[PDB]
Amino acid sequence: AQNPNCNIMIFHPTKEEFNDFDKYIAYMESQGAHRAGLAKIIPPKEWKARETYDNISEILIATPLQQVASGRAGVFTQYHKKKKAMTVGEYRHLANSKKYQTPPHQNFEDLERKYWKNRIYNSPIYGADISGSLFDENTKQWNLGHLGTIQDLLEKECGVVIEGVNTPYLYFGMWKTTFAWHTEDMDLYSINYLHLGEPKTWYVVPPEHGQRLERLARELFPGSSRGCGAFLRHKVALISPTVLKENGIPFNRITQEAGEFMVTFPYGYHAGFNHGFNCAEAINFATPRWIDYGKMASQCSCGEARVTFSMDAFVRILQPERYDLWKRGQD
Ligand SMILES: O=C(O)CNC(=O)C(=O)O
Ligand SMILES: [Mg+2]
Ligand code: NI
Ligand SMILES: [Zn+2]
């Protein structure tokens, strides 16, 4: 078996290998990359996402989110308080202000220590889930707005045509902005490109050990667990690497820098934080290997999760027994 320790693998495709997206994902899996839950892909030196990022300041962040924490330094939840709209130029200025800027630090490890020590005492503002793309339309390789759709994948594999669309989302981050422990909707893959700015640190649990993380989360967030059998779908819970280690949860960590792709694999729980002002683009995707994960994916039906239009068809076709209950949660 390839990659039996479930390490995060890093790939350096050639420009020739970068032509066929599906083929390269399959190649990574042939080397055991999926066992980690997360892989890094460094594009060939000849590739670029777009010419320059000099003209992005007029993008609107319609609903910036202030991420307010509750709990203890290593075990906390966050809720999202809506703020007034601001442009990316305004957001960048805010990120760099004394109140929100990255503190002096020695290296990534020092900054990581500061993050887990101090995160809960601040409330950074995130521009998340903004529909759009920063890939040049002429970028032919690994253009996250030109991927084969999940709906077409499901049709190719299972023969059923379904409604729905999926398009990329932009994320504008600042120091301490946080993504909570989660797997993707329907345990899909995701791919994330860091366009510009400061790094993003990721934590990930191997898919084969995801239920260990779930069990710990139930113990650490007991009220939330009683409220919903899939409350990590709410994407609000954080658990530090120290607490994971104390509880014997297998995980890995890696820092993504500007110009690098990360792929998360089906049922790979992940969480992380931004180092400073940055912009990432991400989208969900599927492969034939995803279908069995989609069939088995947990669902939130308590009403909190509330997801995209396109998830309806996924649940309807892959999980018909769960569909009625899930849809009640939607409404
Ligand atoms: O970048 C973020 O804030 C969150 N991204 C993801 O969870 C992802 O790409 O799957
Ligand atoms: Mg602009
Ligand atoms: Ni994700
Ligand atoms: Zn729920």
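Throughout, residue positions are numbered sequentially from 1 according to the sequence presented. The analysis underlying the following values was restricted to heavy atoms, covering all of them including side chains, and did not include hydrogens, waters or symmetry mates. Atoms within a ligand are numbered from 1 in the order they appear, just like the ligands themselves.
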**Report entry** Among the N, O or S atoms of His270, the one nearest the Ni ion (ligand 3)
**Finding:** NE2

Query raised in the report: By atom name, which N, O or S atom of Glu184 is the nearest to the Ni ion (ligand 3)?
Result: OE2

Query raised in the report: Is NZ or CZ of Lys327 both nearer than 6.0 Å to the six-membered ring centre of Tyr323 and within 45° of the ring axis?
Result: yes

Query raised in the report: Are any non-hydrogen side-chain atoms of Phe231 and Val236 less than 4.5 angstrom apart?
Result: no

**Report entry** Residue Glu137 excluded, over 12 heavy atoms near CD under 6.0 Å
**Finding:** no

Requested in this report: Could you tell me if the ring centre of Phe135 sits under 6.0 Å from that of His195?
Outcome: yes

Query raised in the report: So what does the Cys228 SG - the Zn ion (ligand 4) - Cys300 SG angle come to, to 10°?
Result: 120°

